[PDB]
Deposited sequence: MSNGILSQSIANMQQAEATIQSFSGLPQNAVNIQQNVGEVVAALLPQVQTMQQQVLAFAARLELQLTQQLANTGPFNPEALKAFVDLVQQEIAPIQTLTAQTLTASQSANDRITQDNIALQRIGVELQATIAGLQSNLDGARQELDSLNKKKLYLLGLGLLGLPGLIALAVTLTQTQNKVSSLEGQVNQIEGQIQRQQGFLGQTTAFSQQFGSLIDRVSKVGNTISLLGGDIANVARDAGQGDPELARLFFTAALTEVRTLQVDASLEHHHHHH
């Protein structure tokens, strides 16, 4: 789960670097992601090996019998937690802000799709006249005038369709990335809890080492 979390985030990374010409909150997420996968994720890989190592010793010392060591791996599980949470908290707010922009694009391509349908209707009409048809001369300039009018609004809209398309894609990525990171923070947190909750003395502790070892 740690590892799959890590692996998945690693694979979304390149896909999130692939987008160009997105808003600043999207560039923020791009930068954040890059820092996490480069710096933060190997940190989590390091704590996990130190946790599996600290636990491998103490398991045997517990079985046999039937602290000083904890400290530096408590410290590390707590930074990793903190750091993870705050990077991820920075993604959550950037995601929310793209959501708001998402919507405002929608309302703008209202105007552009409502006005385009006036011109596409006007041109449909001219285009029936042309096809059924002195008459043809009286229609010719108006036709082209209206053709120009639709292509133009059709260009403007297709512009914003591209923006909307891109930002929806992007957001799919960073939401997914957030899903996974969260899974990573739950499990780090979980290992945080147990590095604290460390015959019936050693028996209890041994379950806490085993859970550590499975987590």
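In this chain, the deposited residues that lack C-alpha positions fall in the ranges 1-4, 71-88, 156-163, 229-247, 265-274.
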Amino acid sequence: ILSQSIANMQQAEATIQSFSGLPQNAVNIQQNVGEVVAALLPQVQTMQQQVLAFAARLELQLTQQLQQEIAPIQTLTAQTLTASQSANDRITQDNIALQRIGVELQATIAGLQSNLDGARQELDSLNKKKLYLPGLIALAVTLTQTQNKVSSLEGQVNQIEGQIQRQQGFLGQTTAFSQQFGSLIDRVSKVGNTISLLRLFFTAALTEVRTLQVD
From here on, numbers count along this sequence of modelled residues.
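The mean Cα B-factor in the deposited entry runs higher for 114-122 than for the other of 114-122 and 95-103. The deposited model assigns a higher average Cα B-factor to 199-207 than to the other stretch when 6-14 and 199-207 are compared. Residues shown: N32, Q180, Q64, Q165. Highest C-alpha temperature factor in the entry: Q64. The PDB entry gives the largest Cα B-factor of the residues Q50, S189, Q43, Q156 to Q156.
In the PDB entry, a CA B factor belonging to the highest third of its chain's modelled residues is recorded for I70. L76: CA B factor in the middle third of modelled residues in this chain (values from the PDB entry). Among the modelled residues of its chain, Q85 has a C-alpha B-factor that falls in the middle third according to the deposited record.
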